[PDB]
Amino acid sequence: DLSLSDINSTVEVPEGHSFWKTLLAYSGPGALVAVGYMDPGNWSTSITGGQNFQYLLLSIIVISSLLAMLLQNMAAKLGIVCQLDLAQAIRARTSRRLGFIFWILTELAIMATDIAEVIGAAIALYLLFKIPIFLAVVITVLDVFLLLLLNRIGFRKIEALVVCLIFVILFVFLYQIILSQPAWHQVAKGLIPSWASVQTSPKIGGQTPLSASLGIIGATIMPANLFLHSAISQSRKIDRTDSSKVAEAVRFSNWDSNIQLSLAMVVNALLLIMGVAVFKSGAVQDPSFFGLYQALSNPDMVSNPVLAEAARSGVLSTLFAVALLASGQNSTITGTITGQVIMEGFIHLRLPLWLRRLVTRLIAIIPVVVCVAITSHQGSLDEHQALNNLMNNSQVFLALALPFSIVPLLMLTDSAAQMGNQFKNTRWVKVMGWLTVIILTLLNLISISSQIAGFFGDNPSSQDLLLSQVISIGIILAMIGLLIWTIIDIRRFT
């Protein structure tokens, strides 16, 4: 009846004021959440953002990360104080049909992330081991056994294995930056919140600073990782009777989460400066993983003789594909954990980790093998580009499931009927939190129409455009109705 019954309140190791060892104990949840923010689903969009705007967008990254650190922390609080996840809170404060709508929506979000991870991992196999594109996918389907071995390890070593992947993809991209020797002064100048990123005048590669910036801000959080954080934050036993120990617990999970999401921010920065210093200006014409592989393997694309010799040897591209693999392993862990959370929390369905990863991976790979089937039927022409367009079109479910995850979180944590007058949010995080939630909801409701119109490709059929407008209006209005309904129920609780 409690979230993550297998590992809930497992190891509590606060030992007086020995703070840093205590920090070493529970440092896992923050890493498990942060590794999701390093998925390849936006890698290109960083590199592109670097080529179109050298170091300019870095600040935006920071801001985004900060916002992601805010809401995530809030989720952790809801897990630490209430001893229950966000899905159990929402489902407890609303009917079953709304918990079922939220269930299918979040299932579609983690399914989209899973599509990104299976595409990036399969392509990673096509690049490293030269496995055929169709075989690499059905090889990625075999991650259920890696989940079986994953199940016997334990969170003290699982949550450190996630750290291992994090520093794998962090040192892979940091190594290619170390060889690049970039002008770190311009990097520092880019990290400052300037007003050149909010303008619309450069328009390089069909992208203005305000468009790229608002895109980075819009994709700030992932809805599944909020439920994830609220569930894994409970894995540390708390008496819930000593205010100093629960306040300490909040400081604990906060410093952990910021320590890891800061690493994710560093990875995004390494991708932007990867697009600025490593690649030449405008050398990246194919945002696909294969386009970045050959672009990292062509000496004329880099801007340094050392990177030309190393690229001719073929080490940059291979490291890139290794990073693709290490990123593609995340959805096997966090996808199953979060899927269990939303499942047994929203619809009260107890399912094992076997059929979970089976069903999610199959539903994820169906459109992938359909895309590879059509493109390989066209002669393997534009197959990687179509895989990239599938990966980017999948991300609409995140925008569909975002407000129903950030609004109920902010409401339930701001109310004293869930946190109490002692552990509710400060008047500071009330303003910052409501501002961020409004901005993200507006931006994603804007993104719905753009992605739905993007489903029809770059060929604008005049009759299909109006249909995309009708479908977009219907979807955003339906999300408005669901949003005001959830607002009404939660505010009836408070």
# chains A, B, ... in the order shown; residues from 1 in each chain; ligands from 1
call {"tool": "residues_around", "arguments": {"residues": "range 16-27 of chain A", "least_positions_apart": "4", "cutoff": "12 Å", "atoms": "only C-alpha atoms", "output": "MDAnalysis selection string"}}
result
chainID A and resid 9:12 31:34 155:163 232:237 244:245 248:261
call {"tool": "write_last_selection", "arguments": {"atoms": "C-alpha atoms", "output": "PDB file, in the first residue's frame"}}
result
ATOM      1  CA  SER A   9      12.846   3.058   3.797  1.00  0.00           C
ATOM      2  CA  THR A  10      15.724   0.622   3.352  1.00  0.00           C
ATOM      3  CA  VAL A  11      18.894   2.174   4.814  1.00  0.00           C
ATOM      4  CA  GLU A  12      18.860   5.146   7.183  1.00  0.00           C
ATOM      5  CA  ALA A  31      21.780  10.443  -9.696  1.00  0.00           C
ATOM      6  CA  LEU A  32      18.905   8.171 -10.739  1.00  0.00           C
ATOM      7  CA  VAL A  33      16.873  11.300 -11.521  1.00  0.00           C
ATOM      8  CA  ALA A  34      19.682  13.317 -13.115  1.00  0.00           C
ATOM      9  CA  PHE A 155      20.451   0.311  -4.823  1.00  0.00           C
ATOM     10  CA  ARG A 156      23.770   0.987  -3.069  1.00  0.00           C
ATOM     11  CA  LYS A 157      25.367  -0.385  -6.261  1.00  0.00           C
ATOM     12  CA  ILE A 158      22.596   0.378  -8.774  1.00  0.00           C
ATOM     13  CA  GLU A 159      22.505   4.061  -7.842  1.00  0.00           C
ATOM     14  CA  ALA A 160      26.312   4.060  -8.107  1.00  0.00           C
ATOM     15  CA  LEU A 161      26.154   2.313 -11.491  1.00  0.00           C
ATOM     16  CA  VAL A 162      23.972   5.202 -12.648  1.00  0.00           C
ATOM     17  CA  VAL A 163      26.799   7.437 -11.409  1.00  0.00           C
ATOM     18  CA  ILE A 232      13.119   7.107  -4.577  1.00  0.00           C
ATOM     19  CA  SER A 233      13.328   9.867  -1.953  1.00  0.00           C
ATOM     20  CA  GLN A 234      11.385   7.531   0.378  1.00  0.00           C
ATOM     21  CA  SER A 235      14.006   4.759   0.088  1.00  0.00           C
ATOM     22  CA  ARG A 236      15.728   6.312   3.129  1.00  0.00           C
ATOM     23  CA  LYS A 237      13.995   5.538   6.419  1.00  0.00           C
ATOM     24  CA  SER A 244      15.242  18.331  12.994  1.00  0.00           C
ATOM     25  CA  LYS A 245      15.680  14.895  11.406  1.00  0.00           C
ATOM     26  CA  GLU A 248      17.899  17.448   7.875  1.00  0.00           C
ATOM     27  CA  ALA A 249      16.477  14.815   5.506  1.00  0.00           C
ATOM     28  CA  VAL A 250      15.257  17.608   3.222  1.00  0.00           C
ATOM     29  CA  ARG A 251      18.706  19.231   3.248  1.00  0.00           C
ATOM     30  CA  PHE A 252      20.105  15.754   2.482  1.00  0.00           C
ATOM     31  CA  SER A 253      18.043  14.983  -0.610  1.00  0.00           C
ATOM     32  CA  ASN A 254      18.334  18.612  -1.745  1.00  0.00           C
ATOM     33  CA  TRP A 255      22.140  18.652  -1.730  1.00  0.00           C
ATOM     34  CA  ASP A 256      22.148  15.240  -3.424  1.00  0.00           C
ATOM     35  CA  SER A 257      19.712  16.246  -6.182  1.00  0.00           C
ATOM     36  CA  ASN A 258      21.503  19.534  -6.857  1.00  0.00           C
ATOM     37  CA  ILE A 259      24.866  17.742  -6.870  1.00  0.00           C
ATOM     38  CA  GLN A 260      23.610  15.443  -9.629  1.00  0.00           C
ATOM     39  CA  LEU A 261      21.394  17.742 -11.714  1.00  0.00           C
TER      40      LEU A 261
END
call {"tool": "residues_around", "arguments": {"residues": "residue 60 in chain A", "least_positions_apart": "4", "cutoff": "7 Å", "atoms": "only C-alpha atoms", "output": "VMD selection string"}}
result
chain A and resid 64 213 216
call {"tool": "atom_distance", "arguments": {"atom1": "CA of residue 154 in chain A", "atom2": "CA of residue 119 in chain A"}}
result
27.7 Å
call {"tool": "closest_residue", "arguments": {"among": "A:476, A:277, A:366, A:115", "to": "residue 302 in chain A", "atoms": "only C-alpha atoms"}}
result
A:277
call {"tool": "closest_atom_pairs", "arguments": {"of": "range 393-429 of chain A", "to": "range 85-100 of chain A", "cutoff": "8 Å", "atoms": "only C-alpha atoms", "output": "Markdown table"}}
result
| residue | atom | partner | partner_atom | distance |
| --- | --- | --- | --- | --- |
| A:408 | CA | A:90 | CA | 6.8 |
| A:409 | CA | A:86 | CA | 6.8 |
| A:412 | CA | A:89 | CA | 7.8 |
call {"tool": "residues_around", "arguments": {"residues": "residue 364 in chain A", "least_positions_apart": "2", "cutoff": "9 Å", "atoms": "only C-alpha atoms", "output": "list in words"}}
result
residues 111, 112, 113, 114, 115, 116, 118, 359, 360, 361, 362, 366, 367 and 368 of chain A
call {"tool": "closest_residue", "arguments": {"among": "A:71, A:165, A:127, A:307", "to": "residue 180 in chain A", "atoms": "only C-alpha atoms"}}
result
A:307
call {"tool": "residues_around", "arguments": {"residues": "residue 201 in chain A", "least_positions_apart": "6", "cutoff": "9 Å", "atoms": "only C-alpha atoms", "output": "VMD selection string"}}
result
chain A and resid 208 to 210
call {"tool": "write_last_selection", "arguments": {"atoms": "C-alpha atoms", "output": "short mmCIF file (atom, residue, chain, number, x, y, z; two decimals), in the first residue's frame"}}
result
data_model
loop_
_atom_site.label_atom_id
_atom_site.label_comp_id
_atom_site.auth_asym_id
_atom_site.auth_seq_id
_atom_site.Cartn_x
_atom_site.Cartn_y
_atom_site.Cartn_z
CA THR A 208 16.28 32.76 -33.41
CA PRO A 209 17.73 33.18 -29.90
CA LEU A 210 14.25 33.47 -28.38
#
call {"tool": "select_by_dssp", "arguments": {"residues": "range 46-265 of chain A", "states": "helix (DSSP H, G or I)", "output": "number ranges by chain"}}
result
A: 46-52, 58-82, 86-92, 96-128, 133-140, 143-151, 155-180, 184-190, 209-218, 223-235, 243-265
call {"tool": "residues_around", "arguments": {"residues": "range 389-405 of chain A", "least_positions_apart": "4", "cutoff": "6 Å", "atoms": "only C-alpha atoms", "output": "number ranges by chain"}}
result
A: 105-106, 108-109, 112, 116, 223, 441, 444
call {"tool": "write_last_selection", "arguments": {"atoms": "C-alpha atoms", "output": "CSV table (one decimal), in the first residue's frame"}}
result
chain,number,residue,atom,x,y,z
A,105,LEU,CA,-0.4,10.1,-20.2
A,106,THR,CA,2.7,9.5,-18.0
A,108,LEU,CA,3.1,7.8,-22.9
A,109,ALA,CA,5.8,10.2,-21.6
A,112,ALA,CA,8.5,8.6,-25.5
A,116,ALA,CA,14.6,8.1,-27.7
A,223,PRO,CA,7.2,14.5,-15.8
A,441,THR,CA,2.5,25.1,-19.0
A,444,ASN,CA,4.2,23.4,-23.7
call {"tool": "closest_atom_pairs", "arguments": {"of": "range 255-289 of chain A", "to": "range 371-384 of chain A", "cutoff": "12 Å", "atoms": "only C-alpha atoms", "output": "Markdown table"}}
result
| residue | atom | partner | partner_atom | distance |
| --- | --- | --- | --- | --- |
| A:286 | CA | A:384 | CA | 9.1 |
| A:287 | CA | A:384 | CA | 9.4 |
| A:288 | CA | A:384 | CA | 6.1 |
| A:289 | CA | A:384 | CA | 7.6 |
call {"tool": "write_last_selection", "arguments": {"atoms": "N, CA, C and O atoms", "output": "CSV table (one decimal), in the first residue's frame"}}
result
chain,number,residue,atom,x,y,z
A,286,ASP,N,23.5,17.2,-40.5
A,286,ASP,CA,22.5,16.2,-40.1
A,286,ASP,C,22.5,16.0,-38.6
A,286,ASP,O,23.5,15.5,-38.0
A,287,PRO,N,21.4,16.5,-37.9
A,287,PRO,CA,21.4,16.3,-36.5
A,287,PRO,C,21.2,14.9,-36.0
A,287,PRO,O,21.2,14.7,-34.8
A,288,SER,N,21.2,13.9,-36.9
A,288,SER,CA,21.1,12.5,-36.5
A,288,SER,C,22.3,12.1,-35.8
A,288,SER,O,23.4,12.7,-35.9
A,289,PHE,N,22.2,11.0,-35.0
A,289,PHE,CA,23.4,10.4,-34.4
A,289,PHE,C,24.4,10.0,-35.3
A,289,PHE,O,25.6,10.1,-35.1
call {"tool": "residues_around", "arguments": {"residues": "residue 176 in chain A", "least_positions_apart": "3", "cutoff": "10 Å", "atoms": "only C-alpha atoms", "output": "PyMOL selection string"}}
result
chain A and resi 171-173+179-181+270+274+277-278+296+307+310+315-316+319-320
call {"tool": "closest_residue", "arguments": {"among": "A:475, A:325, A:488, A:292", "to": "residue 311 in chain A", "atoms": "only C-alpha atoms"}}
result
A:292
call {"tool": "closest_residue", "arguments": {"among": "A:153, A:187, A:62, A:82", "to": "residue 424 in chain A", "atoms": "only C-alpha atoms"}}
result
A:82
call {"tool": "closest_residue", "arguments": {"among": "A:422, A:243, A:281, A:3", "to": "residue 53 in chain A", "atoms": "only C-alpha atoms"}}
result
A:281
call {"tool": "atom_distance", "arguments": {"atom1": "CA of residue 436 in chain A", "atom2": "CA of residue 191 in chain A"}}
result
20.1 Å
call {"tool": "atom_distance", "arguments": {"atom1": "CA of residue 205 in chain A", "atom2": "CA of residue 458 in chain A"}}
result
15.0 Å
